[PDB]
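J.: Supplied in structure tokens, the structure appears directly below.
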Amino acid sequence: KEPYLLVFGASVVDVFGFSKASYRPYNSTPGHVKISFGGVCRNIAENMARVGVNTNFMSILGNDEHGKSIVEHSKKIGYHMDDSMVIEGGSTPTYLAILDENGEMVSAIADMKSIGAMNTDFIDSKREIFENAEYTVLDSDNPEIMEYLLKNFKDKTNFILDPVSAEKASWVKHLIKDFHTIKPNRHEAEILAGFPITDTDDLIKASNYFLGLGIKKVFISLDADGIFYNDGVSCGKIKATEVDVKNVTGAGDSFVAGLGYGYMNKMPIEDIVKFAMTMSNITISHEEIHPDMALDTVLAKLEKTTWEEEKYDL
Amino acid sequence: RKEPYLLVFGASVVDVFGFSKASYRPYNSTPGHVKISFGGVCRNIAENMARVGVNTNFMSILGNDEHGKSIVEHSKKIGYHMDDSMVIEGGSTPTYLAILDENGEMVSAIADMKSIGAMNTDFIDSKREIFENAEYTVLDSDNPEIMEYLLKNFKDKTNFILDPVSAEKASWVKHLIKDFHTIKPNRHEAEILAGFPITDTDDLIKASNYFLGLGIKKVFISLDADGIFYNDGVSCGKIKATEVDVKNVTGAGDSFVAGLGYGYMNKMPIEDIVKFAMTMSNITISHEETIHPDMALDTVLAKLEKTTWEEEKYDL
């Protein structure tokens with residue numbers, strides 16, 4: 001009914017066993033067991049739901065306990081997983097890891113069997129959800145599924161890319177042309193462009209190459225040095241100057257989420273970049289990966305930030 | 001509803017098992033299959049009870065975390081009421097995380113069994129009315145100190161039922177058994193509790209007669225393949241079922257305790273309680289899992305009708 005943003009992707013349940021004693025294999029070691037909900041696309045969907053975006057999250061789950069826990073956390077926060085694939089008798093993708101006294105792993109099980117169950121037939125049965133979406137977030141996990149989604153719904157919905165890694169970005173450098181928005185870091189952009197990006201002049205040449213292919217919006221993460229943008233009309237670099245604490249991971253997930261908010265509320269380019277970066281500046285500091293994220297908490301920190309803005313022209 | 005209930009008091013454990021689907025190597029991410037299951041003797045008893053229609057009150061120790069919500073949701077689905085349980089803020093619900101190799105052997109594990117020992121007298125006192133108005137109260141042999149507190153404070157207010165768990169755990173509660181209305185040991189656990197070997201029928205009659213002398217009202221001794229030996233002071237006998245093929249024994253005695261619970265609540269004669277509870281034990285024994293997914297009152301009654309029994313009755 002109301003305009004929504006669709007996030008398609010995997011959900012991985014993380015189960016960590018931290019040793020609170022000396023580690024010994026083959027024998028039961030006492031410790032704390034922590035359960036956290038991960039997976040790039042699930043992190044993005046949660047962050048969006050937390051700031052008020054009408055989020056639909058299409059995933060792959062099993063009918064086990066971990067799958068039920070994901071669906072319950074989904075209703076609490078706000079991300080609707082109502083159209084997800086459910087595998088009867090199958091497990092929800094999980095990573096089990098038994099860490100020692102220092103925090104380094106000694107044993108691990110990756111259960112990713114259910115991620116391979118995604119096919120073109122299930123995509124077709126959920127066509128209305130893909131078409132009625134304003135924007136659709138995808139990662140670079142499966143190039144074959146991406147290629148299918150692009151040539152079937154590129155004109156119906158506006159696709160947003162999160163490259164994940166430099167390696168995963170390389171197996172998808174030929175498909176980036178059909179995306180409305182791409183969000184790589186400095187290194188993932190070097191891979192997608194085909195040339196080394198060392199300074200501002202190379203970032204302008206990179207983004208213009210991406211825009212030339214048919215991409216409308218380009219956002220390049222500069223890791224601490226801010227974010228670079230390119231509307232095709234407006235170009236710049238907006239940098240923050242303050243927070244940098246425990247685990248700078250999960251920030252890119254929060255940035256994609258703020259791109260989604262800024263788009264749904266039709267905010268000006270310079271302000272979308274600022275809002276999205278505030279969500280990253282939060283996530284970096286507080287460990288917990290997401291701690292707390294509310295519409296007002298992001299709007300509260302936003303004002304008390306040193307914005308080092310630089311504007312460019314072509 | 002203000003209808004009579006049975007109280008089960010004990011631990012709830014969430015088991016998380018990772019089975020390797022490739023050759024295991026330490027410090028390395030091995031591809032595998034994750035299995036999540038609910039355990040704890042007392043939690044299994046309460047589930048089996050609610051499954052057959054007993055109005056069950058399950059008082060446990062949870063942890064406010066994600067595994068705590070998992071147990072609670074399963075309890076609302078099946079019907080074992082956990083409303084009066086202990087919830088620890090910031091604490092952890094008892095969890096056992098284990099990684100198995102390609103052969104099935106444990107090569108790594110984390111035991112978060114901390115919360116089981118966090119039960120205190122102040123909490124028992126706050127919920128004293130749940131114990132006092134309970135028709136029967138099931139306990140296992142996990143915490144001897146708390147058992148003594150429960151027995152001393154509630155033995156004349158509620159009827160206690162013991163599931164000894166193991167022979168080792170049984171020696172620690174041997175001085176406390178006299179206050180129980182019902183004990184349910186196996187051959188070896190009964191030897192530990194009695195203080196002499198049980199090799200035949202005469203020793204079974206002697207062991208059970210001794211337990212009745214201590215003040216115990218009803219005795220049930222599991223004899224594995226030979227069935228169940230019973231004694232209530234009036235009726236004594238041994239009943240066995242023919243055609244029972246076992247796959248997995250874990251959780252069978254749990255289902256038997258649950259069946260005693262059903263029998264007591266429905267005021268059934270001892271021979272029928274033994275048969276009903278044994279049918280429940282037989283169903284659980286024929287499945288690989290600790291609890292049969294399809295078990296309900298109808299399946300227990302359907303299998304009870306279809307069973308051929310070997311019955312023996314002794315006098316005196």
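Residue numbering restarts at 1 for every chain of the structure tokens, chains are lettered A, B, ... in their displayed order, and ligands are numbered from 1 as they appear.
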Near chain B, meaning an atom within 8 Å, which residues of chain A appear when counting only C-alpha atoms? Write them as a list in words.
T.: residues 17, 18, 19, 25, 26, 27, 28, 29, 30, 31, 32, 33, 35, 64, 65, 66, 69, 91, 94, 96, 98, 105, 106, 107, 108, 109, 110, 111 and 112 of chain A
J.: Residues near range 194-198 of chain B, anyone? I mean within 12 Å using only C-alpha atoms, not counting same-chain ones fewer than 5 positions away, as a PyMOL selection string.
T.: chain B and resi 167+170-171+173-175+177-178+183+185-189+203-214+221-223+229
J.: Save the residues we just selected, N, CA, C and O atoms, as a compact mmCIF listing (two decimals), in the first residue's frame?
T.:
```
# COMPACT_ATOMS: atom_id res chain seq x y z
N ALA B 167 22.93 -43.15 38.58
CA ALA B 167 23.30 -43.87 39.81
C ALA B 167 24.21 -43.04 40.72
O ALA B 167 24.10 -43.10 41.95
N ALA B 170 22.19 -40.33 42.32
CA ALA B 170 21.27 -40.98 43.27
C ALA B 170 21.83 -41.19 44.68
O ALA B 170 21.07 -41.18 45.65
N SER B 171 23.15 -41.34 44.79
CA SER B 171 23.82 -41.54 46.09
C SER B 171 23.83 -40.27 46.93
O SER B 171 23.89 -40.33 48.16
N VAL B 173 21.30 -38.14 47.09
CA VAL B 173 19.94 -37.85 47.56
C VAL B 173 19.31 -39.05 48.27
O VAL B 173 18.11 -39.05 48.55
N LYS B 174 20.15 -40.04 48.59
CA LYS B 174 19.74 -41.27 49.27
C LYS B 174 19.15 -41.04 50.66
O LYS B 174 18.21 -41.74 51.07
N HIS B 175 19.67 -40.04 51.37
CA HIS B 175 19.21 -39.68 52.72
C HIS B 175 17.91 -38.86 52.69
O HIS B 175 17.24 -38.69 53.72
N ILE B 177 15.36 -39.40 50.11
CA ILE B 177 14.26 -40.11 49.44
C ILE B 177 12.99 -40.43 50.23
O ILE B 177 11.91 -40.48 49.64
N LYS B 178 13.12 -40.54 51.55
CA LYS B 178 12.01 -40.86 52.45
C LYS B 178 10.83 -39.87 52.41
O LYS B 178 9.70 -40.24 52.73
N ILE B 183 9.05 -42.48 43.77
CA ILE B 183 10.41 -42.51 43.26
C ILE B 183 10.33 -43.36 41.99
O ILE B 183 9.49 -44.26 41.88
N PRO B 185 13.26 -45.11 39.98
CA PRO B 185 14.62 -45.43 39.55
C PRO B 185 14.71 -46.62 38.60
O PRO B 185 13.71 -47.27 38.34
N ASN B 186 15.89 -46.82 38.00
CA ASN B 186 16.07 -48.00 37.18
C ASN B 186 16.70 -49.05 38.10
O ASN B 186 16.88 -48.79 39.30
N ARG B 187 17.05 -50.23 37.57
CA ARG B 187 17.64 -51.29 38.39
C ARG B 187 18.84 -50.83 39.23
O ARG B 187 18.77 -50.88 40.46
N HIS B 188 19.85 -50.26 38.56
CA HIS B 188 21.08 -49.78 39.22
C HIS B 188 20.87 -48.63 40.20
O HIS B 188 21.46 -48.64 41.28
N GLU B 189 20.01 -47.67 39.86
CA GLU B 189 19.72 -46.52 40.73
C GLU B 189 18.97 -46.97 41.99
O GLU B 189 19.15 -46.38 43.06
N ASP B 203 14.23 -59.71 45.19
CA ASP B 203 15.03 -58.54 45.57
C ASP B 203 14.28 -57.25 45.21
O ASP B 203 14.38 -56.25 45.93
N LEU B 204 13.51 -57.32 44.12
CA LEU B 204 12.68 -56.21 43.64
C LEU B 204 11.57 -55.94 44.64
O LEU B 204 11.31 -54.79 44.95
N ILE B 205 10.98 -57.02 45.18
CA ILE B 205 9.93 -56.92 46.20
C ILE B 205 10.52 -56.39 47.51
O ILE B 205 9.91 -55.53 48.15
N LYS B 206 11.75 -56.81 47.83
CA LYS B 206 12.46 -56.39 49.06
C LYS B 206 12.86 -54.91 49.01
O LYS B 206 12.69 -54.18 49.99
N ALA B 207 13.35 -54.48 47.85
CA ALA B 207 13.78 -53.09 47.60
C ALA B 207 12.61 -52.13 47.69
O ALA B 207 12.64 -51.15 48.44
N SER B 208 11.54 -52.48 46.97
CA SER B 208 10.33 -51.68 46.95
C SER B 208 9.63 -51.65 48.31
O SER B 208 9.15 -50.58 48.70
N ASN B 209 9.65 -52.77 49.04
CA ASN B 209 9.05 -52.85 50.39
C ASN B 209 9.81 -51.99 51.39
O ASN B 209 9.21 -51.41 52.30
N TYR B 210 11.12 -51.88 51.20
CA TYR B 210 12.00 -51.07 52.03
C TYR B 210 11.71 -49.58 51.78
O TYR B 210 11.66 -48.79 52.73
N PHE B 211 11.50 -49.21 50.51
CA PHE B 211 11.18 -47.83 50.14
C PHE B 211 9.84 -47.40 50.72
O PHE B 211 9.72 -46.28 51.21
N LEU B 212 8.88 -48.33 50.74
CA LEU B 212 7.55 -48.09 51.31
C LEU B 212 7.63 -47.93 52.83
O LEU B 212 6.80 -47.25 53.43
N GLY B 213 8.67 -48.55 53.41
CA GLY B 213 8.92 -48.50 54.85
C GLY B 213 9.45 -47.14 55.28
O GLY B 213 9.11 -46.65 56.35
N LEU B 214 10.25 -46.53 54.40
CA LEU B 214 10.84 -45.21 54.60
C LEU B 214 9.78 -44.10 54.57
O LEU B 214 10.02 -42.98 55.04
N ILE B 221 10.19 -49.24 39.37
CA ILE B 221 11.58 -49.57 39.02
C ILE B 221 11.66 -50.02 37.55
O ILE B 221 11.11 -51.06 37.18
N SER B 222 12.34 -49.22 36.72
CA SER B 222 12.53 -49.52 35.30
C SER B 222 13.54 -50.65 35.19
O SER B 222 14.57 -50.61 35.86
N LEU B 223 13.23 -51.67 34.39
CA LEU B 223 14.12 -52.82 34.21
C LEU B 223 14.50 -53.01 32.74
O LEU B 223 14.63 -54.14 32.26
N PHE B 229 8.63 -52.62 37.10
CA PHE B 229 8.22 -53.26 38.34
C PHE B 229 7.55 -52.15 39.16
O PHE B 229 8.11 -51.07 39.30
```
J.: Would you list the contacts of residue 193 in chain A as a count of residues only, taking every protein, DNA or RNA residue within 9 Å and counting only C-alpha atoms, but skipping same-chain residues closer than 5 positions in sequence?
T.: 6
J.: Taking the DSSP secondary structure from the backbone, can you list the residues of range 181-315 of chain B that are alpha helix (DSSP H), as a ChimeraX atom specification?
T.: /B:187-194,201-213,252-265,270-285,297-305
J.: Next, dump the selected residues to file, keeping only C-alpha atoms, as a PDB file, in the first residue's frame.
T.:
```
ATOM      1  CA  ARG B 187      17.640 -51.294  38.391  1.00  0.00           C
ATOM      2  CA  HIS B 188      21.075 -49.783  39.222  1.00  0.00           C
ATOM      3  CA  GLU B 189      19.716 -46.520  40.730  1.00  0.00           C
ATOM      4  CA  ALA B 190      17.425 -48.622  42.980  1.00  0.00           C
ATOM      5  CA  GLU B 191      20.435 -50.664  44.174  1.00  0.00           C
ATOM      6  CA  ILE B 192      22.218 -47.453  45.200  1.00  0.00           C
ATOM      7  CA  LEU B 193      19.121 -46.118  46.993  1.00  0.00           C
ATOM      8  CA  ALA B 194      18.350 -49.445  48.735  1.00  0.00           C
ATOM      9  CA  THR B 201      11.912 -60.643  41.590  1.00  0.00           C
ATOM     10  CA  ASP B 202      12.392 -61.296  45.332  1.00  0.00           C
ATOM     11  CA  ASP B 203      15.030 -58.541  45.572  1.00  0.00           C
ATOM     12  CA  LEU B 204      12.680 -56.210  43.636  1.00  0.00           C
ATOM     13  CA  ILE B 205       9.931 -56.923  46.196  1.00  0.00           C
ATOM     14  CA  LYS B 206      12.456 -56.392  49.058  1.00  0.00           C
ATOM     15  CA  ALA B 207      13.779 -53.091  47.601  1.00  0.00           C
ATOM     16  CA  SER B 208      10.334 -51.680  46.949  1.00  0.00           C
ATOM     17  CA  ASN B 209       9.051 -52.854  50.390  1.00  0.00           C
ATOM     18  CA  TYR B 210      12.004 -51.069  52.027  1.00  0.00           C
ATOM     19  CA  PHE B 211      11.182 -47.830  50.136  1.00  0.00           C
ATOM     20  CA  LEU B 212       7.548 -48.086  51.308  1.00  0.00           C
ATOM     21  CA  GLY B 213       8.925 -48.496  54.847  1.00  0.00           C
ATOM     22  CA  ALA B 252      12.465 -42.521  27.457  1.00  0.00           C
ATOM     23  CA  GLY B 253      12.447 -42.373  31.260  1.00  0.00           C
ATOM     24  CA  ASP B 254      11.441 -38.694  30.997  1.00  0.00           C
ATOM     25  CA  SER B 255       8.293 -39.716  29.111  1.00  0.00           C
ATOM     26  CA  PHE B 256       7.618 -42.428  31.720  1.00  0.00           C
ATOM     27  CA  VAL B 257       7.630 -39.825  34.544  1.00  0.00           C
ATOM     28  CA  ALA B 258       5.217 -37.752  32.476  1.00  0.00           C
ATOM     29  CA  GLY B 259       2.878 -40.717  32.118  1.00  0.00           C
ATOM     30  CA  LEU B 260       2.845 -41.198  35.917  1.00  0.00           C
ATOM     31  CA  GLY B 261       1.821 -37.556  36.041  1.00  0.00           C
ATOM     32  CA  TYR B 262      -1.055 -38.221  33.628  1.00  0.00           C
ATOM     33  CA  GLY B 263      -2.152 -41.330  35.567  1.00  0.00           C
ATOM     34  CA  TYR B 264      -2.185 -39.563  38.942  1.00  0.00           C
ATOM     35  CA  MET B 265      -4.149 -36.562  37.617  1.00  0.00           C
ATOM     36  CA  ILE B 270      -1.831 -48.547  39.052  1.00  0.00           C
ATOM     37  CA  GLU B 271      -1.837 -51.253  36.318  1.00  0.00           C
ATOM     38  CA  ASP B 272      -3.242 -48.732  33.816  1.00  0.00           C
ATOM     39  CA  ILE B 273      -0.819 -45.918  34.889  1.00  0.00           C
ATOM     40  CA  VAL B 274       2.097 -48.332  34.311  1.00  0.00           C
ATOM     41  CA  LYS B 275       0.739 -49.242  30.845  1.00  0.00           C
ATOM     42  CA  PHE B 276      -0.009 -45.632  29.770  1.00  0.00           C
ATOM     43  CA  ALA B 277       3.382 -44.363  30.981  1.00  0.00           C
ATOM     44  CA  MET B 278       5.158 -47.338  29.380  1.00  0.00           C
ATOM     45  CA  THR B 279       3.397 -46.694  26.036  1.00  0.00           C
ATOM     46  CA  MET B 280       4.779 -43.099  26.241  1.00  0.00           C
ATOM     47  CA  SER B 281       8.243 -44.466  27.016  1.00  0.00           C
ATOM     48  CA  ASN B 282       7.922 -46.942  24.099  1.00  0.00           C
ATOM     49  CA  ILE B 283       6.977 -44.174  21.609  1.00  0.00           C
ATOM     50  CA  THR B 284       9.971 -42.047  22.640  1.00  0.00           C
ATOM     51  CA  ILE B 285      12.282 -45.093  22.512  1.00  0.00           C
ATOM     52  CA  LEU B 297      -3.039 -38.217  23.887  1.00  0.00           C
ATOM     53  CA  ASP B 298      -4.567 -39.845  20.769  1.00  0.00           C
ATOM     54  CA  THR B 299      -1.281 -41.489  19.594  1.00  0.00           C
ATOM     55  CA  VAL B 300      -0.541 -42.844  23.120  1.00  0.00           C
ATOM     56  CA  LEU B 301      -4.062 -44.306  23.410  1.00  0.00           C
ATOM     57  CA  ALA B 302      -3.910 -45.756  19.855  1.00  0.00           C
ATOM     58  CA  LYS B 303      -0.600 -47.532  20.589  1.00  0.00           C
ATOM     59  CA  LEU B 304      -1.864 -48.699  24.025  1.00  0.00           C
ATOM     60  CA  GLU B 305      -4.806 -50.540  22.365  1.00  0.00           C
TER      61      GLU B 305
END
```
J.: Please determine, counting only C-alpha atoms, which residue among A:158, A:138, A:305, A:78 has the shortest atom-to-atom distance to residue 243 in chain A.
T.: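 Looking only at the distances to residue 243 in chain A, the closest residue turns out to be A:305.
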J.: Which residues are close to residue 239 in chain A, i.e. within 10 Å by only C-alpha atoms, leaving aside same-chain residues fewer than 6 positions away? Reply as JSON, numbers by chain.
T.: {"A": [222, 224, 225, 226, 227, 228, 273, 274, 277, 305, 306, 307, 308, 309, 310]}
J.: Would you give me, as a VMD selection string, the residues in range 63-160 of chain B that DSSP reads as strand (DSSP E or B)?
T.: chain B and resid 80 to 81 86 to 87 95 to 100 106 to 112 136 to 140 159 to 160
J.: Can you tell me how far CA of residue 135 in chain B sits from CA of residue 158 in chain B, in Å to one decimal?
T.: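 Answer for the CA of residue 135 in chain B to CA of residue 158 in chain B separation: 5.7 Å.
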J.: Name the residues in contact with residue 215 in chain A at a cut-off of 12 Å, using only C-alpha atoms, excluding same-chain residues fewer than 2 positions from it; report them as a VMD selection string.
T.: chain A and resid 154 158 to 161 175 to 183 206 to 213 217 to 219 230 to 232
J.: Export C-alpha atoms of the chosen residues as an mmCIF file, in the first residue's frame?
T.:
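Once written, result-v5.cif looks like this:
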```cif
data_model
loop_
_atom_site.group_PDB
_atom_site.id
_atom_site.type_symbol
_atom_site.label_atom_id
_atom_site.label_comp_id
_atom_site.auth_asym_id
_atom_site.auth_seq_id
_atom_site.Cartn_x
_atom_site.Cartn_y
_atom_site.Cartn_z
ATOM 1 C CA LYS A 154 15.809 -2.815 -13.939
ATOM 2 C CA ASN A 158 15.800 1.040 -8.856
ATOM 3 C CA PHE A 159 18.645 -1.301 -7.805
ATOM 4 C CA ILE A 160 21.266 -0.381 -5.136
ATOM 5 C CA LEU A 161 24.612 -2.254 -4.917
ATOM 6 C CA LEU A 175 26.788 -6.163 -14.406
ATOM 7 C CA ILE A 176 27.127 -2.802 -12.609
ATOM 8 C CA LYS A 177 25.662 -0.856 -15.585
ATOM 9 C CA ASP A 178 22.021 -1.722 -14.715
ATOM 10 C CA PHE A 179 22.153 -0.462 -11.135
ATOM 11 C CA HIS A 180 20.674 2.901 -10.134
ATOM 12 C CA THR A 181 23.133 3.280 -7.265
ATOM 13 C CA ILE A 182 26.476 1.692 -6.431
ATOM 14 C CA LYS A 183 28.332 2.045 -3.125
ATOM 15 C CA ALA A 206 35.995 6.788 -11.747
ATOM 16 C CA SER A 207 32.508 8.038 -10.929
ATOM 17 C CA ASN A 208 32.114 9.589 -14.417
ATOM 18 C CA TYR A 209 33.010 6.177 -15.931
ATOM 19 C CA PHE A 210 30.297 4.569 -13.755
ATOM 20 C CA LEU A 211 27.742 7.283 -14.697
ATOM 21 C CA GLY A 212 28.670 6.774 -18.354
ATOM 22 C CA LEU A 213 27.592 3.115 -18.125
ATOM 23 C CA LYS A 217 24.106 7.780 -8.416
ATOM 24 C CA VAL A 218 27.659 6.880 -7.277
ATOM 25 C CA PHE A 219 28.931 6.827 -3.673
ATOM 26 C CA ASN A 230 28.338 11.984 -7.939
ATOM 27 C CA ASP A 231 24.742 12.867 -8.908
ATOM 28 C CA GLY A 232 25.899 13.586 -12.448
#
```
J.: For residue 269 in chain B, which residue among B:55, B:235, B:153, B:103 is the nearest when counting only C-alpha atoms?
T.: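 Among B:55, B:235, B:153, B:103, it is B:235 that comes nearest to residue 269 in chain B.
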J.: Env of range 133-136 of chain A: 9 Å cut, atoms = only C-alpha atoms, seq-sep filter 4 positions within chain, self excluded. Answer as a VMD selection string.
T.: chain A and resid 3 to 8 56 128 to 129 156 to 161 180 260 263 to 264
J.: Atoms to include: N, CA and C atoms. Write the selected residues as a compact mmCIF listing (two decimals), in the first residue's frame.
T.:
```txt
# COMPACT_ATOMS: atom_id res chain seq x y z
N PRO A 3 4.57 3.24 -0.11
CA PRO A 3 5.85 2.97 -0.78
C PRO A 3 6.90 2.31 0.13
N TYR A 4 7.53 1.26 -0.39
CA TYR A 4 8.52 0.50 0.36
C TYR A 4 9.85 0.29 -0.35
N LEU A 5 10.84 -0.11 0.45
CA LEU A 5 12.18 -0.40 -0.03
C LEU A 5 12.43 -1.88 0.22
N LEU A 6 12.73 -2.62 -0.84
CA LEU A 6 12.99 -4.05 -0.75
C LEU A 6 14.47 -4.42 -0.63
N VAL A 7 14.80 -5.22 0.38
CA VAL A 7 16.16 -5.69 0.55
C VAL A 7 16.10 -7.20 0.31
N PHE A 8 16.89 -7.67 -0.65
CA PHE A 8 16.96 -9.08 -1.00
C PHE A 8 18.37 -9.53 -0.62
N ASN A 56 10.87 -4.17 3.46
CA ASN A 56 10.47 -5.52 3.10
C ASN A 56 11.82 -6.23 2.90
N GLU A 128 5.64 -9.17 -7.99
CA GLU A 128 4.94 -7.95 -7.54
C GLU A 128 5.68 -7.19 -6.45
N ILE A 129 6.48 -7.91 -5.67
CA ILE A 129 7.26 -7.32 -4.59
C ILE A 129 8.51 -6.63 -5.14
N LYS A 156 11.60 -1.52 -13.66
CA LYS A 156 10.48 -1.51 -12.72
C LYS A 156 10.81 -1.00 -11.32
N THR A 157 12.05 -1.25 -10.89
CA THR A 157 12.56 -0.82 -9.59
C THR A 157 13.98 -0.30 -9.78
N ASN A 158 14.46 0.47 -8.81
CA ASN A 158 15.80 1.04 -8.86
C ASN A 158 16.77 0.28 -7.94
N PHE A 159 17.67 -0.49 -8.54
CA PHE A 159 18.64 -1.30 -7.80
C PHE A 159 19.84 -0.58 -7.16
N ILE A 160 20.14 -0.94 -5.90
CA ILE A 160 21.27 -0.38 -5.14
C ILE A 160 22.28 -1.51 -4.84
N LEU A 161 23.55 -1.27 -5.14
CA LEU A 161 24.61 -2.25 -4.92
C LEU A 161 25.55 -1.99 -3.75
N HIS A 180 21.01 1.49 -10.28
CA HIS A 180 20.67 2.90 -10.13
C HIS A 180 21.74 3.54 -9.24
N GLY A 260 19.07 4.64 1.67
CA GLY A 260 17.69 4.23 1.51
C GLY A 260 16.69 5.17 2.16
N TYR A 263 16.66 8.57 0.21
CA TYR A 263 15.99 8.41 -1.08
C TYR A 263 14.47 8.42 -0.93
N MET A 264 13.98 7.73 0.10
CA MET A 264 12.55 7.62 0.40
C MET A 264 11.93 8.93 0.89
```
J.: Can you pull out every residue within 6 Å of residue 161 in chain B, counting only C-alpha atoms, but drop anything in the same chain fewer than 5 positions away, and send it as a PDB file with N, CA, C and O atoms, in the first residue's frame?
T.:
```
ATOM      1  N   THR B 137       4.569 -32.701  42.491  1.00  0.00           N
ATOM      2  CA  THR B 137       5.714 -31.879  42.106  1.00  0.00           C
ATOM      3  C   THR B 137       6.920 -32.750  41.731  1.00  0.00           C
ATOM      4  O   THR B 137       7.442 -33.502  42.552  1.00  0.00           O
ATOM      5  N   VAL B 138       7.338 -32.637  40.470  1.00  0.00           N
ATOM      6  CA  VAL B 138       8.453 -33.411  39.921  1.00  0.00           C
ATOM      7  C   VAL B 138       9.782 -32.700  40.122  1.00  0.00           C
ATOM      8  O   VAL B 138       9.916 -31.493  39.899  1.00  0.00           O
ATOM      9  N   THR B 182       6.651 -40.528  45.416  1.00  0.00           N
ATOM     10  CA  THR B 182       6.962 -41.461  44.349  1.00  0.00           C
ATOM     11  C   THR B 182       8.405 -41.337  43.944  1.00  0.00           C
ATOM     12  O   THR B 182       8.948 -40.236  43.878  1.00  0.00           O
ATOM     13  N   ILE B 183       9.047 -42.485  43.775  1.00  0.00           N
ATOM     14  CA  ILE B 183      10.412 -42.511  43.263  1.00  0.00           C
ATOM     15  C   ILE B 183      10.325 -43.365  41.989  1.00  0.00           C
ATOM     16  O   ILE B 183       9.488 -44.257  41.879  1.00  0.00           O
TER      17      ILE B 183
END
```
